[PDB]
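See structure below.
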Amino acid sequence: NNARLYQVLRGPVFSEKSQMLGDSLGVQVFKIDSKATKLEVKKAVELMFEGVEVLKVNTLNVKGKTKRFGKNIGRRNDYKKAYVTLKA
Amino acid sequence: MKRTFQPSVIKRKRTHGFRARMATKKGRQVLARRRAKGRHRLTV
Amino acid sequence: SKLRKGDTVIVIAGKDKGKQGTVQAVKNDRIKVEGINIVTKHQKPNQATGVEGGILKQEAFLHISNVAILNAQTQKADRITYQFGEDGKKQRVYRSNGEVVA
Amino acid sequence: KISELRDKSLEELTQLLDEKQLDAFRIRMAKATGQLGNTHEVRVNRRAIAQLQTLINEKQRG
Amino acid sequence: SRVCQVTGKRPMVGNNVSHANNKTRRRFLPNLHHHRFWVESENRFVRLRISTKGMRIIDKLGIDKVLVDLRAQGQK
RNA sequence: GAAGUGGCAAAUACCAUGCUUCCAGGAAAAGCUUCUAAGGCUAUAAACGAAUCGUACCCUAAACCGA
RNA sequence: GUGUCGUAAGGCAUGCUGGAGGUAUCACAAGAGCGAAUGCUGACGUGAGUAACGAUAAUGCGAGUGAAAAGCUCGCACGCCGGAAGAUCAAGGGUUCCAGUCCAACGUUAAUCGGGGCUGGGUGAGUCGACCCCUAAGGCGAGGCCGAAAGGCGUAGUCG
RNA sequence: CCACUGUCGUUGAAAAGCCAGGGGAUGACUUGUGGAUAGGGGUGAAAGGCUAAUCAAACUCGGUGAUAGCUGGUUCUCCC
RNA sequence: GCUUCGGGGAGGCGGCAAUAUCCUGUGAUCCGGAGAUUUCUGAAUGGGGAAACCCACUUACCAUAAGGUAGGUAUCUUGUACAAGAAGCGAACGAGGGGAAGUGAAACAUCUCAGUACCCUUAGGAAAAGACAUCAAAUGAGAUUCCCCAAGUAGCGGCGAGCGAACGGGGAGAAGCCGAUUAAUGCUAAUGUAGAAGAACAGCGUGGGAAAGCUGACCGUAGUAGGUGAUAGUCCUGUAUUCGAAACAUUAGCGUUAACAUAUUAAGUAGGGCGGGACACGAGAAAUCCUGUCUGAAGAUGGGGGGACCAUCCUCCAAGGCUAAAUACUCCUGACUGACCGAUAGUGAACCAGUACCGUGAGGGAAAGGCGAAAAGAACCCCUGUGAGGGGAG
């Protein structure tokens, strides 16, 4: 439907990899739902940034790090991020 | 020299895992006994 | 709960016994009344925030039982009671005299 | 707030919920890119979406 | 299991008693046999795992009387 | 802003699931090709697609089994 | 701590410390008295600043940074491995990977360094692997057989 | 892959190793992965060997606070 | 965390644990009733599986691309390929199917331990048993269960170690029936789950601080509660006392509905042989009960029992089914209590404990409380490496 595509993109990634990729290949890096396929991401980007056409989507699951605090051992959420290529 | 443990994940989950416990009457008694003690780790 | 924010009270126990002030904040069993029970705080300066620091004199919480409502007429410490008004309004009432105001 | 949502038709509650979901994405992007000063819109937007979906269940059941 | 369908006979437990009065756990098994009982009311042989006491009950009550009580009891 | 082709040697890798031998006589099932039983297929192309999970790093080791 | 009293177990008084409780008398009840049990737990001694600092492949010097450099970075030189002590994996592990920053603890020394702390980043597949289709050994196994009960076995199958 | 001899090591670098030699090395070989056999049972080219650093009867829990004509210990004071 | 119905009336967005944006008399936070939402695993139930994963099929709708939304699809049992149930988990107590050994006997085998531990099946608030084919032997009594006696008696017993009644008396509770069943629904009544009001003290001295001291008051159907800067009936929360329910459980009474049940006097039965078991009773002179095996009546002119057995007498009618209470227990909910502990104690666990840690696993299993009344938790300066640590200041 069109009420599940609003929850596919969790937020853009701001890093040296994401900033270097944009300037050279114009590929947006996003943090996506833990259940979003490559098709859902493709259908979420083009609906929600009108005027762009996605060539490909490269997804990956990256695991959260164990960051201990105080007396406890705790881990960060795992998350999924996608590289999406837009038509030049 | 070769020591006693020599881990293997498929072998561990297949002789001590959750589904291995639940497939016998006495394995379910093991799980019930871990739960009555309140253990945070039921099965390996 | 019998003492709210803003009402004038008199402290009846502690180092400020006999002084007056208006209630600034009420916690579960502690009360903070402006003017009295002031403490000297050595505030460590920080640049991330706008607060400067220094040796600051601020009013501290004291136990809610050490203060009493100040009677507006007799100018003396009285207790507080409630009156079930037939019109359908519940108001705090001075224990001694018995008038609606505070 | 709930007062001016209880007398809305089912057609316009579903239609209104859609903007609130789309608005949720805009807050999420703006918050991550540092363009969300007042960080309390996200909470009320989430509650509003919860309120809309509560009403939708009611008007679809009764 | 090793039980009689018509009589409820199943193994009994007991003691092996020797001359020095030593006791060891034993079991007493029913005299269970497989017999094909002719049933005139159905023109068919029904084969039952029955005890020899059960055979005497069919001899006295008839297979039809026993067969309905077996069906009423359950397993048929 | 340069070159980038000749000789020789040469694997346990490839030809080779080959070949020759011997007895101790050498997985299975499916994919695949064909036949029909009850009752769509083959070529030609054009467009579009191929999901999900892993992927860092050690691994004759300071990261595994040995406190 | 001190003084004093009693045959003793022990009592009383009081200086200092302490900061919120204690208990006469007489009865009553005991988790009622510790030096030993190679007793139990914790703390701390002696040995003793002694043995040792984990392959005898090996280090020297110049700069840098730094509170501080034999050990870190860079440089020149020297030495060691090179069917490995070099590379790719599987298993196993799970962030140890990279950068910045810090040096308390950890590192058998020092440490500015680190697989240590902290904060960020990093793993992109129709073709590699898994998943998927198929089956081996071996499991489970509608019905079925057997067995006091629990259960044991087993066909079609279904997993592996 | 083994383990015949010696030195070393014996609060070890190591709860069985190192070093110098030594044996088999196309076979009754070695090895990876998965599976099977379970305690008076298993498995054993047989040493009572091995069965998770445990083996003339594993380990854990329970009967159980087994029993112990044995050993150790048994705590304030005074009077007869 | 959403909605609604109630309560409440000024603060609030759970804790470590603060900060920021804010919310709140248009009644927030908070408390109680109901509802909605409720990812995945797990009986797990669409198939599979190394739990939190992989792979599906099918119906309807939508979209046109590689999908979405809402369902359905396990197995077994009972009814006409269709409906209703069950499954699994979780304290103890009950009933039932199996059933040790250590130990004691100063050895050990009968015996004891003990029908215990354990394993297994299964129920209910209890279960079981229960109305005489029972005792008794008195002048007879009158179901079952539980307690005190009888009584450590009578007995049993390598007559050893030990085991160990009954009759009857005193109590608790009482009930006898042929449906004393189960599940819904609606009225009536009473609870329960939030709550509200709730008296009465001043002065002086000491003191950091008064509740303690001195003097004098007041309330009391409220005086030995917990706090508050030291010990408070009159400062706070409370206490005695009087009371609220929109909503939803719960208990009881009446009525209705639908599921099941509704024997008609009892033959493979009583009795007997053989082998065992239970009876306090170990074959003993062994009655009585149970039954693996083999048999097998009489059937009211009859049959069972009265501890071998016979006669007489007394008593009672098996082979159909039920039945409340007094009794057993605690995962729990409330109120209250303690010559119970107070951090090596008391739970293993006062603390982020069944944790860390150990183990392949079953499993084993710790340590660890206290500033101060209030953080007022030490601004600033000095030595040091912008470190640790300290000295001043406060």
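Sequence lines set the chain letters: A, B, ... in the order given, protein chains first and strands last, and positions in each chain run from 1. Side-chain atoms are counted along with the backbone in the values below, which use heavy atoms only and exclude waters and symmetry mates.
In this structure G:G129 is paired with F:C53, meeting the Watson-Crick or G-U wobble definition at both distances under 3.5 Å. Between I:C177 and I:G208 there is no base pair of the Watson-Crick or G-U wobble kind with both of its two distances under 3.5 Å. If you check I:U215 against I:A202, you find a Watson-Crick or G-U wobble pair, both contacts below 3.5 Å. Pairing check for I:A297 against I:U37: the two fail the Watson-Crick or G-U wobble geometry, since the two atom distances are not both under 3.5 Å.
A donor-acceptor distance shorter than 3.5 angstrom exists from the side chain of A:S18 to the backbone of A:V13, with no hydrogens or angles considered. Remark: the backbone N or O of B:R41 is paired with a side-chain donor or acceptor of B:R34 at under 3.5 angstrom.
One interatomic measurement links the two molecules: NE2 of C:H42 to P of I:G377, which rounds to 7 Å at whole-angstrom precision. Between the CZ atom of B:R35 and the P atom of I:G88 there is a distance of 14 Å, given to the nearest Å. Regarding B:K37, its NZ atom lies at a distance of 9 Å from the P atom of I:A366, rounded to whole Å.
Comparing atom distances between the A:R76 side chain and each of I:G354, I:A210, G:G120 picks out G:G120 as nearest. Of all nucleotides listed (I:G361, G:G147, I:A50), G:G147 comes nearest to the side chain of E:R49. The side chain of C:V39 has I:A376 as its nearest neighbour among I:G42, I:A376, I:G198. Distances were taken from every side-chain heavy atom of B:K25 (C-beta onward) to each of I:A362, G:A148, I:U121; the shortest belongs to I:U121. Comparing G:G92, I:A66, G:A125 by their nearest atom to the side chain of A:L39 picks out I:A66.
Taking every nucleotide of RNA chain F with any atom under 4.0 Å from a non-hydrogen atom of chain A, the first and last of them, 5' to 3', are F:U52 to F:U55.
Nucleic acid contact for E:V3: none, since no nucleic acid atom lies under 4.0 Å from a heavy atom of the residue. Heavy atoms of C:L62 sit nowhere under 4.0 angstrom from any nucleic acid atom. Nucleic acid contact for A:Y83: base, since at least one base atom lies under 4.0 Å from a heavy atom of the residue. C:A60 comes within 4.0 angstrom of no nucleic acid atom, judged by non-hydrogen atoms across all strands. Across all strands, A:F14 comes closer than 4.0 Å to no nucleic acid atom at all (heavy-atom distances).
Shown for residues 57-65 of chain A: residues whose heavy atoms fall under 4.0 angstrom of RNA chain G, namely A:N58, A:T59, A:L60, A:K65. Listed in residue order, the members of residues 21-30 of chain E having a heavy atom less than 4.0 Å from RNA chain F come to none.
Each of B:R3 and A:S34 lies near RNA chain F, and the nucleotide nearest A:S34 is the one positioned closer to the 5' end. The 5' end of RNA chain G is approached more closely, in terms of each residue's nearest nucleotide, by A:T66 than by the other of A:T66 and A:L25.
The side chain of A:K17 contributes no N or O atom lying less than 4.0 Å from OP1 or OP2 of G:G121. At least one side-chain nitrogen or oxygen of B:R19 sits closer than 4.0 Å to the OP1 or OP2 atom of I:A50.
Classification of the D:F25-A:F49 ring pair by plane angle, with boundaries at 30° and 60°, yields perpendicular.
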